[PDB]
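Next up: just one chain, as structure tokens, the form deposited without the named molecule.
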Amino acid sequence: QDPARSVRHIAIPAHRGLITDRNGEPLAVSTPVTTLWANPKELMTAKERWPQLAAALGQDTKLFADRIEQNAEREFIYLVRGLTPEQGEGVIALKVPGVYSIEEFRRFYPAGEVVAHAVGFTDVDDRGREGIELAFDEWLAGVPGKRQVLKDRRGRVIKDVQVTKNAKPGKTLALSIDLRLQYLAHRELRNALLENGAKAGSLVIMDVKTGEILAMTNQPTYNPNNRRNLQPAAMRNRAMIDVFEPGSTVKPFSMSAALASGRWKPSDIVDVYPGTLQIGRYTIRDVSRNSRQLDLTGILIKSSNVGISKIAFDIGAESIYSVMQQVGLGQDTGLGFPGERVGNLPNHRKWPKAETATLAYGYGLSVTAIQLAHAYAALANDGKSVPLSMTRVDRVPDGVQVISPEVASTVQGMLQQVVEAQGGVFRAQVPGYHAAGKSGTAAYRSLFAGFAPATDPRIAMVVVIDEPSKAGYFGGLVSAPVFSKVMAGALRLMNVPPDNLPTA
């Protein structure tokens, strides 16, 4: 016979660590629940109790009975996982022979859909599946304990023996996300999609000095507390997973290389007439073709592919590739989110003219919205690229000085003109502040990337609107007004003073 007594092991689930926003607002909270297990050998002695037990478990009478009967020779099965503690005590109070309980936890997400992708969610086993819950799973999960119970020959629990290993609680995590800014970004991106009839979109806000991600929202979104019917489209963390060719939004990096070469200054003029440039078989074409001479700021205002290409041929692709690589376009962010996409930054030993030109005006490389925002953050932070963080930064790390402060300041002023000057991106203007930025077109994505205050930058932001299909309230670039609204609120939520003084 089997021994009259045996010492069996039961895991002790650990309490998963609290996730908060940067201000301590709870974002993911472990909630006590009760799991019930049973010894079928004992249940088989108390069959008249089964229907009441099945009812208390929310299970069908006959499906429940079938399950016990088919497991009659086992000494352990789960009856139900994750009942409320109240529902649990109700089941336990039936006093059915062979019914036992385990204290576990399940997550609740107080901000729900507002921060769905960034926070992510746990699986049925309380394990991180998406977002920060996934990226920091080991930190948040801790380590289960193990305890021993004395059982008899038929698996009846006689008593607790001891705990052999205590559970190590999961550890707390404060995100860089500011829920105040995340709500503003979530609301405005949702409104922009509705008014533009768009498929999807993303918005990222970064602190340019600290590398912190202050907001990251995508549409569609979902309620992580109720995923019954959640469609895969909604679950996608587009800001980190969708790659696209950034188009004219990378011209400022080409310009930074031009100004660093020693060969170009902002007042220089390039003749871009007639809005095309033939290089062998290939023709470089501007979208708008109403220009002849443009200064360097003009090339940006007009999104002149021709103009930036002539500059690129003069300075060489290598110098542009170097800046783009160093600011992180097509490069690992270091954020450690499994499944994050890196995109691609093409390299060559001998750069063909077509590849040089297209790199310079943003085709042939592919990036994510996070990378684009980090790149603009370096430009905004006087050329210093601080590593990205999704967690609160108290001690600011050194950044790599990727662009000289002087070149960065010059480009900031050019991008301020892109927003402010006649012919520029009118609806990107941020009332009460000077803002700086650049539009582009990634079945298209509308892109806007920028920062503010333009003369002393604090915040960088990228807006991506995927496949707009309906006319919005304002004309012009679809993503521009979203930048305007979100930047206006974010700057004020952060108490950033206006930089548009009357000449002081």
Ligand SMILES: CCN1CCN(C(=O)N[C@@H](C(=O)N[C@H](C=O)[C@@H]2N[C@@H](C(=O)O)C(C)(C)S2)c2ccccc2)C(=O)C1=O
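Start at 1 with the first residue shown and count on from there. We call the rigid core the largest set of C-alpha positions that still match within 1.5 Å between the two forms.
Task: Coordinates lacking for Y473, a third or more of other entries - done: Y473: unmodelled in a third or more of the comparison entries.
Task: Absent coordinates between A442 and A443 - deposited residues affected, binned into four classes - done: The entry has 10 or more unmodelled residues between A442 and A443.
Open item on the list: Using only C-alpha atoms and the B-factors in the entry, which stretch averages higher, 218 to 226 or 86 to 94?
Closed with: Per the PDB entry, the higher value belongs to 86 to 94.
Open item on the list: Mean Cα B factor from the PDB record: higher for 124 to 132, or higher for 337 to 345?
Closed with: Per the PDB entry, the higher value belongs to 124 to 132.
Task: Residue with maximal Cα B-factor (values as given in the PDB entry) among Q162, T410, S101, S322 - done: Spelled out: the listed residue with the top C-alpha B-factor is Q162.
Task: Top residue by Cα temperature factor, when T297, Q231, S176, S291 are compared in the entry - done: Reading the PDB entry, the winner on C-alpha B-factor is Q231.
Open item on the list: Per the entry's values, where does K485 land by CA temperature factor relative to the rest of its chain, in the lowest, middle or highest third?
Closed with: For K485, the deposited C-alpha B-factor lands in the lowest third.
- [ ] Divide the modelled residues of the chain into thirds by Cα B-factor and specify which third, lowest, middle or highest, holds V33.
- [x] Within its chain, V33 is a highest-third residue by C-alpha B-factor, going by the deposited values.
Task: CA B-factor placement of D207, once the chain's modelled residues are sorted into thirds - done: Lowest third of the chain for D207's C-alpha B-factor.
Open item on the list: Among the modelled residues of this chain, does the Cα B factor of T172 put it in the lowest, middle or highest third?
Closed with: Ranked within chain, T172 CA B lands in the middle tercile.
Task: Chain thirds of CA B-factor: placement of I459 - done: Lowest third.
Omitted from view is the form deposited with the named molecule bound, to which the following refers.
Task: Interface membership of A442, the named molecule in the entry with it bound, 4.5 Å heavy atom rule - done: It does: once the named molecule is placed as it appears in the entry with it bound, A442 has a heavy atom within 4.5 Å of it.
TODO: Answer yes if any heavy atom of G275 is within 4.5 Å of a heavy atom of the named molecule in the entry with it bound; otherwise answer no.
DONE: Because no heavy atom of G275 falls inside 4.5 Å of the named molecule in the entry with it bound, the answer is no.
Open item on the list: Check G399 for me: does it contact the named molecule in the entry with it bound (non-hydrogen atoms, 4.5 angstroms)?
Closed with: No, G399 stays farther than 4.5 Å from the named molecule in the entry with it bound.
- [ ] Spell out, yes or no, whether the shortest heavy atom distance between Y282 and the named molecule in the entry with it bound is within 4.5 Å.
- [x] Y282: contacts the named molecule in the entry with it bound.
Open item on the list: So if I measure heavy atom distances to the named molecule in the entry with it bound, which of the stretches 246 to 254, 181 to 189, 112 to 120, 72 to 80 falls within 4.5 Å?
Closed with: Stretch with heavy atoms near the partner: 246 to 254.
TODO: Identify which of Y222, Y433, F337, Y363 has a heavy atom within 4.5 Å of the named molecule in the entry with it bound; exactly one of them does.
DONE: Only one option qualifies, and that one is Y363.
TODO: Consider the chain as shown here, without its partner, and state which of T358, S176, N196, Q331 has a heavy atom within 4.5 Å of the named molecule in the entry with it bound.
DONE: Of the candidates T358, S176, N196, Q331, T358 is the one lying within 4.5 Å of the named molecule in the entry with it bound.
Open item on the list: in the entry with it bound, does each of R16, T31 and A141 have a heavy atom within 4.5 Å of the named molecule?
Closed with: No, because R16, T31 and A141 lack any heavy atom that approaches the named molecule to within 4.5 Å in the entry with it bound.
TODO: Heavy atoms within 4.5 Å of the named molecule in the entry with it bound is the criterion; list the residues of 296 to 328 that meet it.
DONE: Heavy-atom contacts within 4.5 Å come from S303, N305.
Task: Of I269, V393, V342, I92, the one whose Cα moves 2 Å or more between the shown form and the other one after core superposition - done: Residue with a C-alpha shift of 2 Å or more: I92.
Task: Per-residue C-alpha change between the shown form and the other one, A55, threshold 2 Å, rigid core fit - done: Shift at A55: 2 Å or more after core fit.
Task: Per-residue C-alpha change between the shown form and the other one, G472, threshold 2 Å, rigid core fit - done: Yes, its C-alpha moves 2 Å or more.
Open item on the list: Quick one: with a 3 Å or larger change, is the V478 to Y473 CA distance smaller or larger in the entry with it bound? Answer closer or farther.
Closed with: It is closer: in the entry with it bound, the C-alpha atoms of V478 and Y473 lie at least 3 Å nearer than they do here.
TODO: Once you account for a change of 3 Å or more, let me know if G475 and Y363 sit closer or farther in the entry with it bound, using their C-alpha atoms.
DONE: Their C-alpha distance shrinks by at least 3 Å in the entry with it bound.
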